[PDB]
>>> print(open('target_21.tsv').read())   # TSV, N, CA and C atoms and all ligand atoms
chain	number	residue	atom	x	y	z
A	10	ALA	N	43.43	46.82	13.55
A	10	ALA	CA	44.06	45.50	13.66
A	10	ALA	C	43.46	44.44	12.71
A	11	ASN	N	44.02	43.24	12.75
A	11	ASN	CA	43.61	42.20	11.80
A	11	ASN	C	42.55	41.24	12.35
A	12	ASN	N	41.31	41.71	12.41
A	12	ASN	CA	40.22	40.90	12.93
A	12	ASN	C	38.96	41.23	12.15
A	13	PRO	N	37.98	40.31	12.13
A	13	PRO	CA	36.77	40.53	11.31
A	13	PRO	C	36.01	41.79	11.69
A	14	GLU	N	35.95	42.12	12.98
A	14	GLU	CA	35.20	43.29	13.43
A	14	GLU	C	35.75	44.62	12.88
A	15	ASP	N	37.06	44.86	12.98
A	15	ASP	CA	37.62	46.08	12.41
A	15	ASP	C	37.48	46.10	10.88
A	16	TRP	N	37.69	44.96	10.25
A	16	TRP	CA	37.46	44.83	8.82
A	16	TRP	C	36.02	45.15	8.38
A	17	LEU	N	35.05	44.57	9.08
A	17	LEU	CA	33.65	44.71	8.70
A	17	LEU	C	33.23	46.16	8.85
A	18	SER	N	33.78	46.78	9.88
A	18	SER	CA	33.51	48.16	10.20
A	18	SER	C	34.06	49.08	9.11
A	19	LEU	N	35.28	48.80	8.65
A	19	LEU	CA	35.88	49.64	7.62
A	19	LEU	C	35.21	49.42	6.25
A	20	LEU	N	34.73	48.20	6.00
A	20	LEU	CA	33.97	47.88	4.80
A	20	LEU	C	32.61	48.59	4.72
A	21	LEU	N	31.86	48.61	5.83
A	21	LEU	CA	30.55	49.27	5.86
A	21	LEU	C	30.72	50.76	5.70
A	22	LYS	N	31.83	51.27	6.22
A	22	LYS	CA	32.13	52.67	6.10
A	22	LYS	C	32.40	52.99	4.63
A	23	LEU	N	33.15	52.11	3.98
A	23	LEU	CA	33.45	52.28	2.57
A	23	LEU	C	32.17	52.30	1.72
A	24	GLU	N	31.23	51.39	1.99
A	24	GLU	CA	29.93	51.38	1.32
A	24	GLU	C	29.15	52.67	1.53
A	25	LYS	N	29.12	53.17	2.76
A	25	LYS	CA	28.38	54.39	3.05
A	25	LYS	C	29.00	55.56	2.27
A	26	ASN	N	30.32	55.56	2.15
A	26	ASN	CA	31.04	56.60	1.43
A	26	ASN	C	31.11	56.37	-0.08
A	27	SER	N	30.51	55.29	-0.58
A	27	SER	CA	30.54	55.00	-2.01
A	27	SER	C	29.19	55.26	-2.68
A	28	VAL	N	28.41	56.16	-2.09
A	28	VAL	CA	27.08	56.50	-2.56
A	28	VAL	C	27.17	57.89	-3.17
A	29	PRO	N	26.66	58.07	-4.41
A	29	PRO	CA	25.91	57.08	-5.18
A	29	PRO	C	26.84	56.14	-5.94
A	30	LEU	N	26.33	54.94	-6.18
A	30	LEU	CA	27.12	53.83	-6.66
A	30	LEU	C	27.21	53.76	-8.18
A	31	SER	N	28.44	53.58	-8.65
A	31	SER	CA	28.70	53.25	-10.04
A	31	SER	C	29.46	51.93	-10.11
A	32	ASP	N	29.50	51.37	-11.31
A	32	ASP	CA	30.29	50.18	-11.60
A	32	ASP	C	31.71	50.29	-11.04
A	33	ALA	N	32.32	51.46	-11.21
A	33	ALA	CA	33.67	51.71	-10.72
A	33	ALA	C	33.80	51.64	-9.19
A	34	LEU	N	32.91	52.32	-8.47
A	34	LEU	CA	32.89	52.22	-7.01
A	34	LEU	C	32.46	50.83	-6.53
A	35	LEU	N	31.59	50.17	-7.28
A	35	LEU	CA	31.18	48.82	-6.93
A	35	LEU	C	32.38	47.87	-6.99
A	36	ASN	N	33.13	47.97	-8.08
A	36	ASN	CA	34.35	47.20	-8.24
A	36	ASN	C	35.35	47.42	-7.09
A	37	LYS	N	35.53	48.69	-6.73
A	37	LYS	CA	36.44	49.06	-5.66
A	37	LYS	C	36.00	48.39	-4.35
A	38	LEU	N	34.71	48.55	-4.03
A	38	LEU	CA	34.06	47.91	-2.89
A	38	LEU	C	34.30	46.39	-2.81
A	39	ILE	N	34.15	45.71	-3.95
A	39	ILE	CA	34.30	44.27	-3.99
A	39	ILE	C	35.76	43.87	-3.80
A	40	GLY	N	36.67	44.68	-4.33
A	40	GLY	CA	38.08	44.38	-4.23
A	40	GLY	C	38.50	44.50	-2.78
A	41	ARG	N	37.92	45.49	-2.10
A	41	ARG	CA	38.20	45.69	-0.69
A	41	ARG	C	37.70	44.52	0.17
A	42	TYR	N	36.50	43.99	-0.10
A	42	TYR	CA	36.05	42.78	0.59
A	42	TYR	C	36.98	41.61	0.34
A	43	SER	N	37.57	41.55	-0.86
A	43	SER	CA	38.43	40.40	-1.17
A	43	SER	C	39.72	40.50	-0.39
A	44	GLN	N	40.20	41.73	-0.21
A	44	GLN	CA	41.39	41.96	0.59
A	44	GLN	C	41.20	41.53	2.05
A	45	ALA	N	40.01	41.78	2.60
A	45	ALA	CA	39.63	41.28	3.92
A	45	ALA	C	39.66	39.74	4.00
A	46	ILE	N	39.08	39.08	3.00
A	46	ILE	CA	39.06	37.62	2.94
A	46	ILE	C	40.49	37.02	2.83
A	47	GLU	N	41.38	37.71	2.09
A	47	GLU	CA	42.79	37.32	1.99
A	47	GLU	C	43.52	37.39	3.35
A	48	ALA	N	43.08	38.28	4.23
A	48	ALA	CA	43.73	38.50	5.52
A	48	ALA	C	43.07	37.78	6.71
A	49	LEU	N	41.93	37.14	6.50
A	49	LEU	CA	41.20	36.52	7.60
A	49	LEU	C	41.05	35.01	7.43
A	50	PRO	N	41.96	34.24	8.04
A	50	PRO	CA	41.92	32.78	7.84
A	50	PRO	C	40.62	32.17	8.38
A	51	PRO	N	39.91	31.41	7.55
A	51	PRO	CA	38.57	30.88	7.85
A	51	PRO	C	38.49	30.04	9.13
A	52	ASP	N	39.48	29.18	9.35
A	52	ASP	CA	39.41	28.23	10.45
A	52	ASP	C	39.53	28.88	11.84
A	53	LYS	N	40.01	30.12	11.89
A	53	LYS	CA	39.99	30.87	13.13
A	53	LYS	C	38.61	31.47	13.34
A	54	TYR	N	37.88	31.67	12.24
A	54	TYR	CA	36.71	32.54	12.31
A	54	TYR	C	35.37	31.90	11.93
A	55	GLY	N	35.30	30.58	11.97
A	55	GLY	CA	34.08	29.86	11.61
A	55	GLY	C	32.81	30.18	12.39
A	56	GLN	N	32.95	30.61	13.63
A	56	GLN	CA	31.81	31.02	14.43
A	56	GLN	C	31.83	32.51	14.73
A	57	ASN	N	32.65	33.27	14.01
A	57	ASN	CA	32.68	34.71	14.18
A	57	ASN	C	31.65	35.40	13.28
A	58	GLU	N	30.73	36.13	13.90
A	58	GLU	CA	29.60	36.77	13.20
A	58	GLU	C	30.00	37.84	12.18
A	59	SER	N	31.05	38.59	12.48
A	59	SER	CA	31.57	39.58	11.54
A	59	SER	C	32.16	38.92	10.29
A	60	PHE	N	32.98	37.89	10.50
A	60	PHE	CA	33.55	37.11	9.42
A	60	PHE	C	32.44	36.58	8.51
A	61	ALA	N	31.37	36.07	9.11
A	61	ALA	CA	30.26	35.55	8.31
A	61	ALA	C	29.62	36.65	7.46
A	62	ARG	N	29.43	37.84	8.03
A	62	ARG	CA	28.85	38.99	7.32
A	62	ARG	C	29.75	39.41	6.16
A	63	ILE	N	31.07	39.36	6.38
A	63	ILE	CA	32.00	39.70	5.33
A	63	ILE	C	31.85	38.77	4.14
A	64	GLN	N	31.74	37.47	4.42
A	64	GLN	CA	31.64	36.47	3.37
A	64	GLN	C	30.32	36.60	2.63
A	65	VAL	N	29.24	36.76	3.38
A	65	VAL	CA	27.95	36.99	2.76
A	65	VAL	C	27.88	38.31	1.96
A	66	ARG	N	28.48	39.39	2.46
A	66	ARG	CA	28.50	40.64	1.70
A	66	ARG	C	29.23	40.47	0.35
A	67	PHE	N	30.36	39.76	0.38
A	67	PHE	CA	31.13	39.51	-0.83
A	67	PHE	C	30.32	38.71	-1.84
A	68	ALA	N	29.61	37.69	-1.37
A	68	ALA	CA	28.78	36.89	-2.26
A	68	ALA	C	27.64	37.72	-2.87
A	69	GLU	N	26.98	38.52	-2.04
A	69	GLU	CA	25.86	39.35	-2.48
A	69	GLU	C	26.27	40.41	-3.49
A	70	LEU	N	27.46	40.97	-3.32
A	70	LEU	CA	27.98	41.96	-4.24
A	70	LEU	C	28.37	41.31	-5.57
A	71	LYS	N	28.94	40.10	-5.50
A	71	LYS	CA	29.25	39.33	-6.70
A	71	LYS	C	27.99	38.90	-7.43
A	72	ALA	N	26.91	38.72	-6.68
A	72	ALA	CA	25.62	38.32	-7.24
A	72	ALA	C	25.06	39.43	-8.14
A	73	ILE	N	25.30	40.68	-7.74
A	73	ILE	CA	24.98	41.85	-8.54
A	73	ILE	C	25.91	41.97	-9.75
A	74	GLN	N	27.21	41.78	-9.50
A	74	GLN	CA	28.25	42.05	-10.48
A	74	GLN	C	28.26	41.06	-11.64
A	75	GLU	N	27.93	39.81	-11.33
A	75	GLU	CA	27.92	38.71	-12.30
A	75	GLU	C	27.29	37.47	-11.69
A	76	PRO	N	25.96	37.37	-11.79
A	76	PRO	CA	25.10	36.34	-11.20
A	76	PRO	C	25.50	34.92	-11.60
A	77	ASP	N	25.95	34.76	-12.84
A	77	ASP	CA	26.19	33.43	-13.38
A	77	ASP	C	27.51	32.86	-12.90
A	78	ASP	N	28.03	33.42	-11.82
A	78	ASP	CA	29.37	33.08	-11.36
A	78	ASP	C	29.42	33.10	-9.83
A	79	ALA	N	28.40	33.71	-9.23
A	79	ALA	CA	28.41	34.02	-7.80
A	79	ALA	C	28.18	32.82	-6.89
A	80	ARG	N	27.56	31.77	-7.42
A	80	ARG	CA	27.17	30.60	-6.63
A	80	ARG	C	28.32	30.07	-5.77
A	81	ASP	N	29.51	29.96	-6.35
A	81	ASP	CA	30.66	29.42	-5.61
A	81	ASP	C	31.01	30.26	-4.39
A	82	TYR	N	30.74	31.56	-4.45
A	82	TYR	CA	30.98	32.43	-3.30
A	82	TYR	C	29.96	32.19	-2.18
A	83	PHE	N	28.73	31.86	-2.54
A	83	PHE	CA	27.73	31.56	-1.51
A	83	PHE	C	28.06	30.22	-0.84
A	84	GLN	N	28.54	29.27	-1.63
A	84	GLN	CA	28.93	27.97	-1.09
A	84	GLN	C	30.13	28.09	-0.13
A	85	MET	N	31.07	28.95	-0.49
A	85	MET	CA	32.23	29.20	0.35
A	85	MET	C	31.80	29.73	1.74
A	86	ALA	N	30.92	30.74	1.73
A	86	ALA	CA	30.42	31.29	2.99
A	86	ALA	C	29.67	30.25	3.84
A	87	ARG	N	28.88	29.39	3.19
A	87	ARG	CA	28.21	28.31	3.91
A	87	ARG	C	29.17	27.25	4.47
A	88	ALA	N	30.20	26.90	3.71
A	88	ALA	CA	31.19	25.94	4.20
A	88	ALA	C	32.01	26.51	5.37
A	89	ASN	N	32.28	27.82	5.34
A	89	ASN	CA	33.08	28.47	6.38
A	89	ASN	C	32.30	28.87	7.64
A	90	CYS	N	31.01	29.14	7.49
A	90	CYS	CA	30.22	29.70	8.59
A	90	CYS	C	28.85	29.06	8.71
A	91	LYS	N	28.82	27.73	8.69
A	91	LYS	CA	27.57	26.96	8.67
A	91	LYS	C	26.62	27.15	9.87
A	92	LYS	N	27.10	27.65	11.00
A	92	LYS	CA	26.20	27.81	12.15
A	92	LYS	C	25.11	28.86	11.92
A	93	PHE	N	25.41	29.88	11.12
A	93	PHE	CA	24.51	31.02	10.99
A	93	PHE	C	23.44	30.87	9.93
A	94	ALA	N	22.20	30.82	10.39
A	94	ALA	CA	21.02	30.82	9.54
A	94	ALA	C	21.06	31.89	8.43
A	95	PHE	N	21.53	33.09	8.73
A	95	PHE	CA	21.50	34.17	7.73
A	95	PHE	C	22.39	33.86	6.51
A	96	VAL	N	23.45	33.09	6.72
A	96	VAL	CA	24.32	32.65	5.65
A	96	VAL	C	23.54	31.76	4.68
A	97	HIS	N	22.88	30.73	5.21
A	97	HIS	CA	22.10	29.80	4.37
A	97	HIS	C	20.95	30.50	3.66
A	98	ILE	N	20.27	31.38	4.39
A	98	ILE	CA	19.16	32.15	3.84
A	98	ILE	C	19.65	33.04	2.70
A	99	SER	N	20.82	33.64	2.87
A	99	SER	CA	21.40	34.45	1.82
A	99	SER	C	21.61	33.65	0.53
A	100	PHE	N	22.17	32.45	0.67
A	100	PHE	CA	22.32	31.48	-0.42
A	100	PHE	C	20.94	31.14	-1.05
A	101	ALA	N	19.95	30.90	-0.20
A	101	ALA	CA	18.64	30.48	-0.67
A	101	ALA	C	17.97	31.61	-1.44
A	102	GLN	N	18.29	32.85	-1.05
A	102	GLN	CA	17.73	34.04	-1.66
A	102	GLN	C	18.29	34.22	-3.06
A	103	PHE	N	19.59	33.99	-3.20
A	103	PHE	CA	20.24	34.08	-4.49
A	103	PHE	C	19.70	33.00	-5.45
A	104	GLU	N	19.59	31.76	-4.97
A	104	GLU	CA	19.03	30.69	-5.81
A	104	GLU	C	17.59	31.01	-6.24
A	105	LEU	N	16.77	31.44	-5.28
A	105	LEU	CA	15.41	31.90	-5.57
A	105	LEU	C	15.34	33.00	-6.65
A	106	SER	N	16.26	33.96	-6.58
A	106	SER	CA	16.27	35.06	-7.53
A	106	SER	C	16.64	34.58	-8.94
A	107	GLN	N	17.25	33.39	-9.02
A	107	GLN	CA	17.64	32.82	-10.31
A	107	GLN	C	16.56	31.88	-10.86
A	108	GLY	N	15.40	31.83	-10.21
A	108	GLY	CA	14.37	30.87	-10.55
A	108	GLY	C	14.61	29.45	-10.05
A	109	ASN	N	15.67	29.23	-9.27
A	109	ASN	CA	16.00	27.89	-8.78
A	109	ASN	C	15.31	27.51	-7.47
A	110	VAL	N	13.99	27.37	-7.54
A	110	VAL	CA	13.16	27.15	-6.37
A	110	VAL	C	13.46	25.84	-5.61
A	111	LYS	N	13.67	24.74	-6.31
A	111	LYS	CA	13.93	23.49	-5.59
A	111	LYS	C	15.23	23.59	-4.80
A	112	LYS	N	16.22	24.28	-5.39
A	112	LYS	CA	17.53	24.39	-4.76
A	112	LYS	C	17.42	25.31	-3.54
A	113	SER	N	16.55	26.30	-3.64
A	113	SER	CA	16.31	27.25	-2.58
A	113	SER	C	15.69	26.56	-1.37
A	114	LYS	N	14.71	25.70	-1.62
A	114	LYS	CA	14.10	24.94	-0.53
A	114	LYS	C	15.09	24.00	0.17
A	115	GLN	N	15.92	23.30	-0.61
A	115	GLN	CA	16.88	22.35	-0.03
A	115	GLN	C	17.88	23.02	0.91
A	116	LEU	N	18.35	24.21	0.53
A	116	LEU	CA	19.24	24.99	1.36
A	116	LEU	C	18.59	25.32	2.71
A	117	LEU	N	17.33	25.77	2.67
A	117	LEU	CA	16.63	26.13	3.90
A	117	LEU	C	16.37	24.91	4.78
A	118	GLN	N	16.06	23.78	4.16
A	118	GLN	CA	15.73	22.59	4.92
A	118	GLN	C	16.99	21.93	5.47
A	119	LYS	N	18.08	21.97	4.71
A	119	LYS	CA	19.36	21.43	5.17
A	119	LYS	C	19.85	22.22	6.39
A	120	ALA	N	19.63	23.53	6.37
A	120	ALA	CA	20.01	24.39	7.49
A	120	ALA	C	19.21	24.05	8.76
A	121	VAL	N	17.91	23.88	8.60
A	121	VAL	CA	17.08	23.43	9.71
A	121	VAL	C	17.56	22.09	10.25
A	122	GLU	N	17.82	21.15	9.35
A	122	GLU	CA	18.32	19.83	9.74
A	122	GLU	C	19.66	19.92	10.46
A	123	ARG	N	20.53	20.82	10.03
A	123	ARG	CA	21.88	20.89	10.60
A	123	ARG	C	21.94	21.76	11.86
A	124	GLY	N	20.80	22.33	12.26
A	124	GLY	CA	20.72	23.12	13.47
A	124	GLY	C	21.25	24.54	13.38
A	125	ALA	N	21.15	25.17	12.21
A	125	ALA	CA	21.62	26.55	12.04
A	125	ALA	C	20.72	27.55	12.76
A	126	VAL	N	21.32	28.61	13.30
A	126	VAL	CA	20.63	29.52	14.24
A	126	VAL	C	20.60	30.98	13.77
A	127	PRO	N	19.55	31.74	14.16
A	127	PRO	CA	18.39	31.30	14.95
A	127	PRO	C	17.36	30.58	14.10
A	128	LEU	N	16.69	29.58	14.68
A	128	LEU	CA	15.72	28.78	13.95
A	128	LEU	C	14.53	29.58	13.41
A	129	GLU	N	14.08	30.57	14.18
A	129	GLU	CA	12.99	31.43	13.75
A	129	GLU	C	13.19	31.99	12.33
A	130	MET	N	14.42	32.39	12.01
A	130	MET	CA	14.72	32.94	10.69
A	130	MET	C	14.48	31.94	9.56
A	131	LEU	N	14.95	30.71	9.74
A	131	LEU	CA	14.72	29.65	8.77
A	131	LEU	C	13.22	29.37	8.58
A	132	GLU	N	12.46	29.43	9.66
A	132	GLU	CA	11.04	29.15	9.59
A	132	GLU	C	10.29	30.24	8.84
A	133	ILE	N	10.70	31.48	9.05
A	133	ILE	CA	10.11	32.59	8.32
A	133	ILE	C	10.44	32.47	6.82
A	134	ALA	N	11.71	32.23	6.51
A	134	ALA	CA	12.13	32.08	5.13
A	134	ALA	C	11.33	30.97	4.43
A	135	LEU	N	11.22	29.82	5.08
A	135	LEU	CA	10.47	28.69	4.53
A	135	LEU	C	8.98	28.97	4.40
A	136	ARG	N	8.46	29.81	5.29
A	136	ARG	CA	7.06	30.22	5.22
A	136	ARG	C	6.87	31.07	3.97
A	137	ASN	N	7.78	32.02	3.76
A	137	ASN	CA	7.71	32.91	2.60
A	137	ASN	C	7.94	32.20	1.26
A	138	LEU	N	8.78	31.17	1.29
A	138	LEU	CA	9.03	30.39	0.09
A	138	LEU	C	7.73	29.73	-0.36
A	139	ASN	N	6.98	29.21	0.60
A	139	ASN	CA	5.75	28.49	0.31
A	139	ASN	C	4.56	29.41	0.04
A	140	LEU	N	4.67	30.66	0.47
A	140	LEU	CA	3.71	31.68	0.09
A	140	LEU	C	4.12	32.26	-1.26
A	141	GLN	N	5.16	31.67	-1.84
A	141	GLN	CA	5.74	32.10	-3.12
A	141	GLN	C	6.08	33.60	-3.24
A	142	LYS	N	6.58	34.19	-2.16
A	142	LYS	CA	7.08	35.57	-2.19
A	142	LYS	C	8.40	35.67	-2.94
A	143	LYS	N	8.79	36.89	-3.29
A	143	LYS	CA	10.05	37.09	-4.00
A	143	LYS	C	11.21	37.19	-3.01
A	144	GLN	N	10.93	37.79	-1.86
A	144	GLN	CA	11.90	37.96	-0.78
A	144	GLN	C	11.68	36.98	0.35
A	145	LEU	N	12.73	36.25	0.71
A	145	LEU	CA	12.67	35.32	1.83
A	145	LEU	C	12.54	36.00	3.21
A	146	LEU	N	12.97	37.26	3.33
A	146	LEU	CA	12.88	37.94	4.62
A	146	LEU	C	12.06	39.23	4.72
A	147	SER	N	12.40	40.23	3.91
A	147	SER	CA	11.94	41.62	4.11
A	147	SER	C	12.54	42.23	5.38
A	201	PB	PB	44.92	28.91	9.90
>>> encode(input="target_21.tsv", output="structure tokens", more="lines below")
Ligand SMILES: [Pb+2]
Amino acid sequence: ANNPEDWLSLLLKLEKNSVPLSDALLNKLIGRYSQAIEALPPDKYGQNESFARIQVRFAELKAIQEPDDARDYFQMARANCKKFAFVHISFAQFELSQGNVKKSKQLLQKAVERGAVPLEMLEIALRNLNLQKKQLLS
């Protein structure tokens, strides 16, 4: 059916079956996530956890495919699913990987200020940022 859960499930299955990964299978994977986004209206799904994972997966895959273009996809996921800490952290991780440390901190702090959940995740990420690690989570 047409809901984030069945979509997310079929997407993860596609990833598991796309190993080992080539540019061609990566492209196919990304196109499939875009088809999910075309079918799932954001305003119904702003607090749906599967929908949020779909948006973050699409951004992360685009981050691999073409980093200098992916930012707008991370912003889209944050605008659509602002309640979830993992969304903001994902954005902060991408900015960090680009050397954009000040922007990475602002994302984490804005999320704390806006009450994104769970708070523990934001605190760990911010701890790691200040310990100057490469990964906000592990
Ligand atoms: Pb609508």
>>> residues_near_ligand(input="target_21.tsv", ligand="ligand PB 201 (chain A)", cutoff="6 Å", atoms="only N, CA and C atoms and all ligand atoms", output="list in words")
residues 50, 52 and 53 of chain A
>>> residues_around(input="target_21.tsv", residues="residue 49 (chain A)", least_positions_apart="4", cutoff="8 Å", atoms="all atoms listed in the file", output="count of residues only")
9
>>> closest_atom_pairs(input="target_21.tsv", of="region 34-65 of chain A", to="region 71-92 of chain A", cutoff="6 Å", atoms="only C-alpha atoms", output="Markdown table")
| residue | atom | partner | partner_atom | distance |
| --- | --- | --- | --- | --- |
| A:55 | CA | A:90 | CA | 4.9 |
| A:61 | CA | A:90 | CA | 5.9 |
| A:64 | CA | A:86 | CA | 5.3 |
>>> residues_around(input="target_21.tsv", residues="residue 120 (chain A)", least_positions_apart="4", cutoff="8 Å", atoms="only N, CA and C atoms", output="short mmCIF file (atom, residue, chain, number, x, y, z; two decimals) with N, CA and C atoms, in the frame of the given file")
data_model
loop_
_atom_site.label_atom_id
_atom_site.label_comp_id
_atom_site.auth_asym_id
_atom_site.auth_seq_id
_atom_site.Cartn_x
_atom_site.Cartn_y
_atom_site.Cartn_z
N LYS A 91 28.82 27.73 8.69
CA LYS A 91 27.57 26.96 8.67
C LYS A 91 26.62 27.15 9.87
N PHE A 93 25.41 29.88 11.12
CA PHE A 93 24.51 31.02 10.99
C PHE A 93 23.44 30.87 9.93
N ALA A 94 22.20 30.82 10.39
CA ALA A 94 21.02 30.82 9.54
C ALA A 94 21.06 31.89 8.43
N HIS A 97 22.88 30.73 5.21
CA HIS A 97 22.10 29.80 4.37
C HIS A 97 20.95 30.50 3.66
N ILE A 98 20.27 31.38 4.39
CA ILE A 98 19.16 32.15 3.84
C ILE A 98 19.65 33.04 2.70
N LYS A 114 14.71 25.70 -1.62
CA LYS A 114 14.10 24.94 -0.53
C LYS A 114 15.09 24.00 0.17
N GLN A 115 15.92 23.30 -0.61
CA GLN A 115 16.88 22.35 -0.03
C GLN A 115 17.88 23.02 0.91
N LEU A 116 18.35 24.21 0.53
CA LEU A 116 19.24 24.99 1.36
C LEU A 116 18.59 25.32 2.71
N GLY A 124 20.80 22.33 12.26
CA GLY A 124 20.72 23.12 13.47
C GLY A 124 21.25 24.54 13.38
N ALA A 125 21.15 25.17 12.21
CA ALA A 125 21.62 26.55 12.04
C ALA A 125 20.72 27.55 12.76
N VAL A 126 21.32 28.61 13.30
CA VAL A 126 20.63 29.52 14.24
C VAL A 126 20.60 30.98 13.77
N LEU A 128 16.69 29.58 14.68
CA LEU A 128 15.72 28.78 13.95
C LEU A 128 14.53 29.58 13.41
N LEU A 131 14.95 30.71 9.74
CA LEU A 131 14.72 29.65 8.77
C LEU A 131 13.22 29.37 8.58
#
>>> residues_around(input="target_21.tsv", residues="region 31-42 of chain A", least_positions_apart="5", cutoff="9 Å", atoms="only C-alpha atoms", output="PDB file with N, CA and C atoms, in the coordinates of the input")
ATOM      1  N   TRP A  16      37.690  44.960  10.250  1.00  0.00           N
ATOM      2  CA  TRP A  16      37.460  44.830   8.820  1.00  0.00           C
ATOM      3  C   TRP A  16      36.020  45.150   8.380  1.00  0.00           C
ATOM      4  N   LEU A  17      35.050  44.570   9.080  1.00  0.00           N
ATOM      5  CA  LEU A  17      33.650  44.710   8.700  1.00  0.00           C
ATOM      6  C   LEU A  17      33.230  46.160   8.850  1.00  0.00           C
ATOM      7  N   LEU A  20      34.730  48.200   6.000  1.00  0.00           N
ATOM      8  CA  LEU A  20      33.970  47.880   4.800  1.00  0.00           C
ATOM      9  C   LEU A  20      32.610  48.590   4.720  1.00  0.00           C
ATOM     10  N   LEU A  23      33.150  52.110   3.980  1.00  0.00           N
ATOM     11  CA  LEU A  23      33.450  52.280   2.570  1.00  0.00           C
ATOM     12  C   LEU A  23      32.170  52.300   1.720  1.00  0.00           C
ATOM     13  N   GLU A  24      31.230  51.390   1.990  1.00  0.00           N
ATOM     14  CA  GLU A  24      29.930  51.380   1.320  1.00  0.00           C
ATOM     15  C   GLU A  24      29.150  52.670   1.530  1.00  0.00           C
ATOM     16  N   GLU A  47      41.380  37.710   2.090  1.00  0.00           N
ATOM     17  CA  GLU A  47      42.790  37.320   1.990  1.00  0.00           C
ATOM     18  C   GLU A  47      43.520  37.390   3.350  1.00  0.00           C
ATOM     19  N   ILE A  63      31.070  39.360   6.380  1.00  0.00           N
ATOM     20  CA  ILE A  63      32.000  39.700   5.330  1.00  0.00           C
ATOM     21  C   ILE A  63      31.850  38.770   4.140  1.00  0.00           C
ATOM     22  N   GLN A  64      31.740  37.470   4.420  1.00  0.00           N
ATOM     23  CA  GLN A  64      31.640  36.470   3.370  1.00  0.00           C
ATOM     24  C   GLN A  64      30.320  36.600   2.630  1.00  0.00           C
ATOM     25  N   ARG A  66      28.480  39.390   2.460  1.00  0.00           N
ATOM     26  CA  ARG A  66      28.500  40.640   1.700  1.00  0.00           C
ATOM     27  C   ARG A  66      29.230  40.470   0.350  1.00  0.00           C
ATOM     28  N   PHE A  67      30.360  39.760   0.380  1.00  0.00           N
ATOM     29  CA  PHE A  67      31.130  39.510  -0.830  1.00  0.00           C
ATOM     30  C   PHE A  67      30.320  38.710  -1.840  1.00  0.00           C
ATOM     31  N   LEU A  70      27.460  40.970  -3.320  1.00  0.00           N
ATOM     32  CA  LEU A  70      27.980  41.960  -4.240  1.00  0.00           C
ATOM     33  C   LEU A  70      28.370  41.310  -5.570  1.00  0.00           C
ATOM     34  N   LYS A  71      28.940  40.100  -5.500  1.00  0.00           N
ATOM     35  CA  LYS A  71      29.250  39.330  -6.700  1.00  0.00           C
ATOM     36  C   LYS A  71      27.990  38.900  -7.430  1.00  0.00           C
ATOM     37  N   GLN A  74      27.210  41.780  -9.500  1.00  0.00           N
ATOM     38  CA  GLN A  74      28.250  42.050 -10.480  1.00  0.00           C
ATOM     39  C   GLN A  74      28.260  41.060 -11.640  1.00  0.00           C
TER      40      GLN A  74
END
>>> select_by_dssp(input="target_21.tsv", residues="chain A", states="alpha helix (DSSP H)", output="MDAnalysis selection string")
chainID A and resid 13:25 32:48 58:74 80:89 94:106 110:123 128:139
>>> closest_residue(input="target_21.tsv", among="A:95, A:21, A:105, A:112", to="residue 133 (chain A)", atoms="only C-alpha atoms")
A:95
>>> atom_distance(input="target_21.tsv", atom1="atom C of residue 134 (chain A)", atom2="atom C of residue 107 (chain A)")
16.2 Å
>>> closest_residue(input="target_21.tsv", among="A:14, A:143, A:102, A:129", to="residue 58 (chain A)", atoms="only C-alpha atoms")
A:14
>>> atom_distance(input="target_21.tsv", atom1="CA of residue 110 (chain A)", atom2="CA of residue 56 (chain A)")
28.2 Å
>>> atom_distance(input="target_21.tsv", atom1="atom C of residue 135 (chain A)", atom2="atom C of residue 99 (chain A)")
14.0 Å
>>> closest_residue(input="target_21.tsv", among="A:51, A:100, A:57, A:111", to="residue 139 (chain A)", atoms="only C-alpha atoms")
A:111
>>> decode(input="target_21.tsv", residues="region 45-53 of chain A", atoms="N, CA and C atoms", output="PDB file, in the first residue's frame")
ATOM      1  N   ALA A  45       9.314   6.987  -4.124  1.00  0.00           N
ATOM      2  CA  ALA A  45       8.665   7.022  -2.813  1.00  0.00           C
ATOM      3  C   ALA A  45       8.291   8.455  -2.378  1.00  0.00           C
ATOM      4  N   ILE A  46       9.229   9.391  -2.531  1.00  0.00           N
ATOM      5  CA  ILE A  46       8.990  10.787  -2.185  1.00  0.00           C
ATOM      6  C   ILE A  46       7.879  11.428  -3.056  1.00  0.00           C
ATOM      7  N   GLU A  47       7.817  11.042  -4.337  1.00  0.00           N
ATOM      8  CA  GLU A  47       6.744  11.476  -5.248  1.00  0.00           C
ATOM      9  C   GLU A  47       5.355  10.992  -4.799  1.00  0.00           C
ATOM     10  N   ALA A  48       5.303   9.850  -4.113  1.00  0.00           N
ATOM     11  CA  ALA A  48       4.044   9.244  -3.699  1.00  0.00           C
ATOM     12  C   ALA A  48       3.630   9.524  -2.237  1.00  0.00           C
ATOM     13  N   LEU A  49       4.497  10.164  -1.462  1.00  0.00           N
ATOM     14  CA  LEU A  49       4.219  10.378  -0.043  1.00  0.00           C
ATOM     15  C   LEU A  49       4.137  11.859   0.322  1.00  0.00           C
ATOM     16  N   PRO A  50       2.921  12.419   0.343  1.00  0.00           N
ATOM     17  CA  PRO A  50       2.797  13.862   0.605  1.00  0.00           C
ATOM     18  C   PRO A  50       3.305  14.227   2.003  1.00  0.00           C
ATOM     19  N   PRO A  51       4.212  15.204   2.090  1.00  0.00           N
ATOM     20  CA  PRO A  51       4.917  15.569   3.328  1.00  0.00           C
ATOM     21  C   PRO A  51       3.995  15.947   4.496  1.00  0.00           C
ATOM     22  N   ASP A  52       2.950  16.719   4.211  1.00  0.00           N
ATOM     23  CA  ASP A  52       2.115  17.262   5.274  1.00  0.00           C
ATOM     24  C   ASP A  52       1.272  16.201   6.000  1.00  0.00           C
ATOM     25  N   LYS A  53       1.126  15.021   5.398  1.00  0.00           N
ATOM     26  CA  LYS A  53       0.496  13.905   6.088  1.00  0.00           C
ATOM     27  C   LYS A  53       1.521  13.243   7.000  1.00  0.00           C
TER      28      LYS A  53
END
